[PDB]
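A.B. asks: Have a look at this one.
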Ligand SMILES: *[C@@H]1O[C@H](CO)[C@@H](O)[C@H](O)[C@H]1NC(C)=O
């Protein structure tokens, strides 16, 4: 999900990585908008019978 | 950074943000600063 980022990316910075080196924020190449990235919603499915 | 001291490099922390990558491919093994002079031997 490409939500509007609150991160204050410095002018030289492009990305932002997680503790596992997964990018959690990105810099749009065409505009200086900072976009933070959250994983697509997931979870287990359990059937109650 | 703003400094009001002329010697004894002040303590504390100050990061150096990258200012230019300069995609160059030379070898450098001898360095020499280029300093102006107050000419006014
Ligand atoms: C250093 O640069 C010189 C160029 O004068 C070159 O001849 C030499 O091979 C270079 N050395 C290394 C270790 O790259």
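A quick note on method: Cβ atoms are made from the backbone with ideal geometry, for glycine too, and the neighbour counts reach across all protein chains shown. Please treat every number below as a calculation from the coordinates, not as lab data.
A.B. asks: Can you confirm whether residue B:19 is part of a loop (DSSP other than H, G, I, E, B) and under 16 Å from the mean Cα position of the chain (by Cα)? Walk me through it before giving the result.
C.D. replies: Working: part of a loop (DSSP other than H, G, I, E, B): yes; under 16 Å from the mean Cα position of the chain (by Cα): yes.
The answer is yes for residue B:19.
A.B. asks: Here are B:22, B:9, B:35, B:16: which of them is surrounded by fewer than 10 Cβ atoms within 10 Å (Cβ to Cβ), out of contact with any helix residue (DSSP H, G or I) (no Cβ under 7 Å at 6 or more places or on another chain) and at positive phi? Let's see the steps before the verdict.
C.D. replies: Numbers: B:9 fails: at positive phi; B:35 fails: at positive phi; B:16 fails: at positive phi.
Residue meeting the stated conditions: B:22.
A.B. asks: Looking for whichever is assigned to a loop (DSSP other than H, G, I, E, B), surrounded by fewer than 13 Cβ atoms within 10 Å (Cβ to Cβ) and under 8 Å from the mean Cα position of the chain (by Cα) here; the options are A:11, A:29, A:39. Which one fits? Walk me through how you get there before you give the answer.
C.D. replies: Values: A:11 fails: under 8 Å from the mean Cα position of the chain (by Cα); A:29 fails: under 8 Å from the mean Cα position of the chain (by Cα).
Step by step, each of A:11, A:29, A:39 is checked, and only A:39 is assigned to a loop (DSSP other than H, G, I, E, B), surrounded by fewer than 13 Cβ atoms within 10 Å (Cβ to Cβ) and under 8 Å from the mean Cα position of the chain (by Cα).
A.B. asks: Please find, within chain B, the residue that is nearest to the other protein chains (Cβ to nearest Cβ) out of those that are within 16 Å of the ligand (Cβ to nearest atom) and under 30 Å from residue A:14 (Cα atoms).
C.D. replies: First, pick out the residues of chain B that are within 16 Å of the ligand (Cβ to nearest atom): B:24-32.
From what's left, under 30 Å from residue A:14 (Cα atoms): B:24-28.
Values: B:24: 18, B:25: 21, B:26: 23, B:27: 26, B:28: 23 Å.
So, considering only residues that are within 16 Å of the ligand (Cβ to nearest atom) and under 30 Å from residue A:14 (Cα atoms), the one nearest to the other protein chains (Cβ to nearest Cβ) is B:24.
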